[PDB]
Amino acid sequence: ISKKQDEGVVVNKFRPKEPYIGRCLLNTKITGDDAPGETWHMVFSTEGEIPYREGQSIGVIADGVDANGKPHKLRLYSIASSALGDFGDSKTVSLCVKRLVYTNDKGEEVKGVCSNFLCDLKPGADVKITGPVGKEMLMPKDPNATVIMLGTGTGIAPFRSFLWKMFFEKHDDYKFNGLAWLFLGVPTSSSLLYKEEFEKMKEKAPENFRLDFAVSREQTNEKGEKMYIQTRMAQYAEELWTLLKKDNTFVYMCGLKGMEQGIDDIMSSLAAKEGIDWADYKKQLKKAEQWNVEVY
Ligand SMILES: Cc1cc2nc3c(=O)[nH]c(=O)nc-3n(C[C@H](O)[C@H](O)[C@@H](O)COP(=O)(O)OP(=O)(O)OC[C@H]3O[C@@H](n4cnc5c(N)ncnc54)[C@H](O)[C@@H]3O)c2cc1C
């Protein structure tokens, strides 16, 4: 249950009326040109003014007006940097933004206003920021907890955040000796966000970090089925169910809305064999702070 690291957690220090105005320090495409879409990694200056914590989001207000002549509402984006930031100086915030450009199939092509606003940012530009937002995805207090992270696409953001503190940073007050298991689902290799970082974490802490990739369009299971996050989880169902019934096991899930049912499908088959209903069981896990979901 380790009731998350919520001690002194600040929520909405900046609101839409008077947001923080940060500056884009860097903006780089991190997907290969052949990927089904582009995701960019960006760093904003905060001057230390945004007291965020791992697992939180910040709101961004795009420039311009909507079709009604009214300023754009804020869209939330999960912070991909740890509290210390990519520069390790506590003065920046980083985002992992997927450019939304869709025609669905054919017809009128429309671009998501805020995501496109973000991905086109140039170093030196100002950006209206609000927050921090969120308490659901805060890390567990227990440094020996079993943390299972299930993410898709940009859902990797808060988990990169967790792992920097866990394996790239040194905190006297936080020395993680538990099990961190990351499951990331993407369509192509060119879409494996921060792969190089995660493999570097694997070298450093081989006994504490377990990394499993699921590339749907390049991997299949024995039966010839595409490797979606849940089909990868399925090859560890036995272990995941065992771990799932321990008091210091927390599962975090972040990414696209679709991913949830797929995971529910797998969990149900496992729960049924052991003679318990997954809906009831999941309810209890949520209540015990051990099943935390942030899907959009
Ligand atoms: C807690 C939280 C965390 C988030 N973290 C991230 C993150 O880390 N990275 C990230 O990139 N995004 C993240 N998001 C999503 C983000 O907030 C956005 O919704 C976003 O970037 C799209 O906002 P937008 O302003 O581009 O465009 P809008 O101008 O708001 O476009 C929105 C519309 O796109 C539509 N849409 C998309 N595809 C189609 C389609 N084929 N047909 C019809 N409608 C379609 C829906 O109508 C939707 O309402 C997060 C959201 C939440 C709630």
# chains A, B, ... in the order shown; residues from 1 in each chain; ligands from 1
$ closest_atom_pairs --of "chain A" --to "ligand 1" --cutoff "7 Å" --atoms "only C-alpha atoms and all ligand atoms" --output "JSON lines"
{"residue": "A:57", "atom": "CA", "partner": "ligand 1", "partner_atom_place_in_ligand_line": "3 (C)", "distance": 6.3}
{"residue": "A:75", "atom": "CA", "partner": "ligand 1", "partner_atom_place_in_ligand_line": "17 (O)", "distance": 4.2}
{"residue": "A:76", "atom": "CA", "partner": "ligand 1", "partner_atom_place_in_ligand_line": "17 (O)", "distance": 4.0}
{"residue": "A:77", "atom": "CA", "partner": "ligand 1", "partner_atom_place_in_ligand_line": "5 (N)", "distance": 3.6}
{"residue": "A:78", "atom": "CA", "partner": "ligand 1", "partner_atom_place_in_ligand_line": "8 (O)", "distance": 4.0}
{"residue": "A:79", "atom": "CA", "partner": "ligand 1", "partner_atom_place_in_ligand_line": "8 (O)", "distance": 6.5}
{"residue": "A:95", "atom": "CA", "partner": "ligand 1", "partner_atom_place_in_ligand_line": "8 (O)", "distance": 6.4}
{"residue": "A:96", "atom": "CA", "partner": "ligand 1", "partner_atom_place_in_ligand_line": "9 (N)", "distance": 5.2}
{"residue": "A:97", "atom": "CA", "partner": "ligand 1", "partner_atom_place_in_ligand_line": "11 (O)", "distance": 3.4}
{"residue": "A:98", "atom": "CA", "partner": "ligand 1", "partner_atom_place_in_ligand_line": "11 (O)", "distance": 3.8}
{"residue": "A:99", "atom": "CA", "partner": "ligand 1", "partner_atom_place_in_ligand_line": "11 (O)", "distance": 6.7}
{"residue": "A:100", "atom": "CA", "partner": "ligand 1", "partner_atom_place_in_ligand_line": "26 (O)", "distance": 5.5}
{"residue": "A:102", "atom": "CA", "partner": "ligand 1", "partner_atom_place_in_ligand_line": "41 (N)", "distance": 5.4}
{"residue": "A:103", "atom": "CA", "partner": "ligand 1", "partner_atom_place_in_ligand_line": "41 (N)", "distance": 6.2}
{"residue": "A:104", "atom": "CA", "partner": "ligand 1", "partner_atom_place_in_ligand_line": "41 (N)", "distance": 3.8}
{"residue": "A:111", "atom": "CA", "partner": "ligand 1", "partner_atom_place_in_ligand_line": "26 (O)", "distance": 6.9}
{"residue": "A:112", "atom": "CA", "partner": "ligand 1", "partner_atom_place_in_ligand_line": "27 (O)", "distance": 3.3}
{"residue": "A:113", "atom": "CA", "partner": "ligand 1", "partner_atom_place_in_ligand_line": "29 (O)", "distance": 4.1}
{"residue": "A:114", "atom": "CA", "partner": "ligand 1", "partner_atom_place_in_ligand_line": "25 (O)", "distance": 3.4}
{"residue": "A:115", "atom": "CA", "partner": "ligand 1", "partner_atom_place_in_ligand_line": "26 (O)", "distance": 3.7}
{"residue": "A:116", "atom": "CA", "partner": "ligand 1", "partner_atom_place_in_ligand_line": "26 (O)", "distance": 6.0}
{"residue": "A:154", "atom": "CA", "partner": "ligand 1", "partner_atom_place_in_ligand_line": "9 (N)", "distance": 4.9}
{"residue": "A:155", "atom": "CA", "partner": "ligand 1", "partner_atom_place_in_ligand_line": "8 (O)", "distance": 6.0}
{"residue": "A:157", "atom": "CA", "partner": "ligand 1", "partner_atom_place_in_ligand_line": "8 (O)", "distance": 5.4}
{"residue": "A:294", "atom": "CA", "partner": "ligand 1", "partner_atom_place_in_ligand_line": "1 (C)", "distance": 6.0}
{"residue": "A:295", "atom": "CA", "partner": "ligand 1", "partner_atom_place_in_ligand_line": "2 (C)", "distance": 6.9}
{"residue": "A:296", "atom": "CA", "partner": "ligand 1", "partner_atom_place_in_ligand_line": "51 (C)", "distance": 5.3}
$ write_last_selection --atoms "N, CA, C and O atoms" --output "compact mmCIF listing (two decimals), in the first residue's frame"
# COMPACT_ATOMS: atom_id res chain seq x y z
N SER A 57 1.89 15.50 -13.77
CA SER A 57 1.72 16.11 -15.07
C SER A 57 1.74 17.63 -14.93
O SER A 57 1.68 18.17 -13.83
N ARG A 75 -3.96 21.23 -21.92
CA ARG A 75 -3.99 19.78 -22.16
C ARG A 75 -2.92 19.32 -21.18
O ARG A 75 -1.94 20.03 -20.97
N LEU A 76 -3.10 18.15 -20.57
CA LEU A 76 -2.12 17.63 -19.62
C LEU A 76 -1.06 16.77 -20.30
O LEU A 76 -1.33 16.12 -21.30
N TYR A 77 0.16 16.81 -19.78
CA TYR A 77 1.26 16.01 -20.33
C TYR A 77 2.06 15.48 -19.15
O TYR A 77 2.46 16.25 -18.28
N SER A 78 2.25 14.17 -19.12
CA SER A 78 3.00 13.51 -18.05
C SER A 78 4.47 13.91 -18.13
O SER A 78 5.08 13.84 -19.20
N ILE A 79 5.05 14.32 -17.00
CA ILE A 79 6.46 14.72 -16.97
C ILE A 79 7.36 13.50 -17.19
O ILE A 79 7.20 12.48 -16.53
N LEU A 95 9.16 16.91 -21.47
CA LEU A 95 7.96 16.27 -21.98
C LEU A 95 8.26 15.34 -23.16
O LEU A 95 9.26 15.50 -23.87
N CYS A 96 7.39 14.35 -23.30
CA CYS A 96 7.44 13.35 -24.36
C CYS A 96 6.06 13.55 -25.01
O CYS A 96 5.04 13.11 -24.47
N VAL A 97 6.05 14.22 -26.15
CA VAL A 97 4.81 14.54 -26.85
C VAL A 97 4.68 13.89 -28.21
O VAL A 97 5.58 13.94 -29.04
N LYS A 98 3.53 13.25 -28.43
CA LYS A 98 3.25 12.57 -29.68
C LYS A 98 2.48 13.54 -30.59
O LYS A 98 1.42 14.05 -30.20
N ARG A 99 3.00 13.81 -31.78
CA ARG A 99 2.31 14.73 -32.68
C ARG A 99 1.02 14.09 -33.22
O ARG A 99 1.06 13.06 -33.90
N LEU A 100 -0.11 14.70 -32.89
CA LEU A 100 -1.40 14.20 -33.33
C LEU A 100 -1.80 14.87 -34.64
O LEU A 100 -2.11 16.05 -34.69
N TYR A 102 -4.20 13.56 -37.72
CA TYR A 102 -5.07 12.48 -38.16
C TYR A 102 -6.10 12.89 -39.20
O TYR A 102 -6.64 14.00 -39.19
N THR A 103 -6.35 11.96 -40.11
CA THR A 103 -7.34 12.12 -41.16
C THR A 103 -8.24 10.91 -40.91
O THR A 103 -9.22 10.69 -41.61
N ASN A 104 -7.87 10.15 -39.87
CA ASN A 104 -8.54 8.91 -39.45
C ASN A 104 -8.09 7.90 -40.50
O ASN A 104 -7.28 7.01 -40.22
N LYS A 111 -4.91 18.60 -37.39
CA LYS A 111 -3.77 18.48 -36.49
C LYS A 111 -4.21 18.88 -35.09
O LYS A 111 -4.95 19.84 -34.91
N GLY A 112 -3.77 18.10 -34.10
CA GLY A 112 -4.10 18.40 -32.72
C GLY A 112 -3.38 19.69 -32.40
O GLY A 112 -2.17 19.77 -32.54
N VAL A 113 -4.12 20.70 -31.98
CA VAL A 113 -3.54 22.00 -31.70
C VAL A 113 -2.39 22.04 -30.68
O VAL A 113 -1.30 22.51 -31.02
N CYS A 114 -2.59 21.54 -29.47
CA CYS A 114 -1.51 21.60 -28.49
C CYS A 114 -0.30 20.70 -28.80
O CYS A 114 0.84 21.16 -28.68
N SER A 115 -0.53 19.45 -29.20
CA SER A 115 0.58 18.55 -29.51
C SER A 115 1.42 19.12 -30.65
O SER A 115 2.65 19.09 -30.60
N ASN A 116 0.76 19.66 -31.67
CA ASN A 116 1.51 20.25 -32.77
C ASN A 116 2.21 21.52 -32.34
O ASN A 116 3.32 21.79 -32.80
N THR A 154 3.48 7.13 -25.47
CA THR A 154 3.90 8.22 -24.60
C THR A 154 3.71 7.91 -23.12
O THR A 154 4.24 8.61 -22.26
N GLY A 155 2.97 6.83 -22.84
CA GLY A 155 2.74 6.39 -21.47
C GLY A 155 4.02 6.01 -20.73
O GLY A 155 4.01 5.71 -19.54
N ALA A 157 6.36 8.09 -20.29
CA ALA A 157 6.77 9.31 -19.60
C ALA A 157 6.96 9.21 -18.07
O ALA A 157 8.06 9.40 -17.58
N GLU A 294 -3.49 5.52 -15.33
CA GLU A 294 -3.53 6.86 -15.92
C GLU A 294 -3.53 6.71 -17.45
O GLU A 294 -2.50 6.89 -18.10
N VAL A 295 -4.69 6.38 -18.01
CA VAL A 295 -4.80 6.22 -19.45
C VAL A 295 -5.64 7.31 -20.10
O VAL A 295 -6.61 7.82 -19.53
N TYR A 296 -5.24 7.68 -21.31
CA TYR A 296 -5.90 8.73 -22.06
C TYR A 296 -6.05 8.31 -23.53
O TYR A 296 -5.57 9.02 -24.42
$ select_by_dssp --residues "region 76-126 of chain A" --states "strand (DSSP E or B)" --output "ChimeraX atom specification"
/A:76-79,92-98,101-102,110-111,126
$ write_last_selection --atoms "C-alpha atoms" --output "PDB file, in the first residue's frame"
ATOM      1  CA  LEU A  76      -2.124  17.633 -19.618  1.00  0.00           C
ATOM      2  CA  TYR A  77       1.263  16.014 -20.326  1.00  0.00           C
ATOM      3  CA  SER A  78       2.997  13.510 -18.048  1.00  0.00           C
ATOM      4  CA  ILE A  79       6.463  14.716 -16.971  1.00  0.00           C
ATOM      5  CA  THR A  92      13.934  22.085 -15.878  1.00  0.00           C
ATOM      6  CA  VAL A  93      10.907  19.982 -16.853  1.00  0.00           C
ATOM      7  CA  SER A  94      10.768  17.544 -19.796  1.00  0.00           C
ATOM      8  CA  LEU A  95       7.960  16.272 -21.980  1.00  0.00           C
ATOM      9  CA  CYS A  96       7.438  13.348 -24.359  1.00  0.00           C
ATOM     10  CA  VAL A  97       4.805  14.543 -26.850  1.00  0.00           C
ATOM     11  CA  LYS A  98       3.248  12.571 -29.683  1.00  0.00           C
ATOM     12  CA  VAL A 101      -2.120  14.536 -37.022  1.00  0.00           C
ATOM     13  CA  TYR A 102      -5.068  12.481 -38.160  1.00  0.00           C
ATOM     14  CA  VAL A 110      -6.677  17.811 -38.818  1.00  0.00           C
ATOM     15  CA  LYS A 111      -3.772  18.484 -36.492  1.00  0.00           C
ATOM     16  CA  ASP A 126       8.103  30.753 -24.352  1.00  0.00           C
TER      17      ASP A 126
END
$ atom_distance --atom1 "CA of residue 255 (chain A)" --atom2 "CA of residue 221 (chain A)"
22.7 Å
$ closest_atom_pairs --of "region 36-126 of chain A" --to "region 1-13 of chain A" --cutoff "10 Å" --atoms "only C-alpha atoms" --output "Markdown table"
| residue | atom | partner | partner_atom | distance |
| --- | --- | --- | --- | --- |
| A:49 | CA | A:13 | CA | 9.0 |
| A:50 | CA | A:13 | CA | 7.5 |
| A:51 | CA | A:10 | CA | 6.7 |
| A:52 | CA | A:10 | CA | 7.2 |
| A:53 | CA | A:9 | CA | 7.3 |
| A:54 | CA | A:5 | CA | 9.0 |
| A:55 | CA | A:5 | CA | 9.9 |
| A:56 | CA | A:11 | CA | 9.3 |
| A:57 | CA | A:11 | CA | 10.0 |
| A:58 | CA | A:12 | CA | 8.6 |
| A:59 | CA | A:12 | CA | 9.4 |
$ atom_distance --atom1 "CA of residue 46 (chain A)" --atom2 "CA of residue 23 (chain A)"
7.7 Å
$ atom_distance --atom1 "CA of residue 108 (chain A)" --atom2 "CA of residue 38 (chain A)"
19.8 Å
$ select_by_dssp --residues "region 23-237 of chain A" --states "helix (DSSP H, G or I)" --output "ChimeraX atom specification"
/A:113-119,153-168,189-191,195-204,229-237
$ closest_residue --among "A:43, A:201, A:259, A:276" --to "residue 160 (chain A)" --atoms "only C-alpha atoms"
A:201
$ residues_around --residues "residue 291 (chain A)" --least-positions-apart "5" --cutoff "9 Å" --atoms "only C-alpha atoms" --output "list in words"
residues 249, 250, 251, 252, 253, 282, 283, 284, 285 and 286 of chain A
$ residues_around --residues "residue 180 (chain A)" --least-positions-apart "2" --cutoff "9 Å" --atoms "only C-alpha atoms" --output "PyMOL selection string"
chain A and resi 145-149+163+166+178+182+208-211
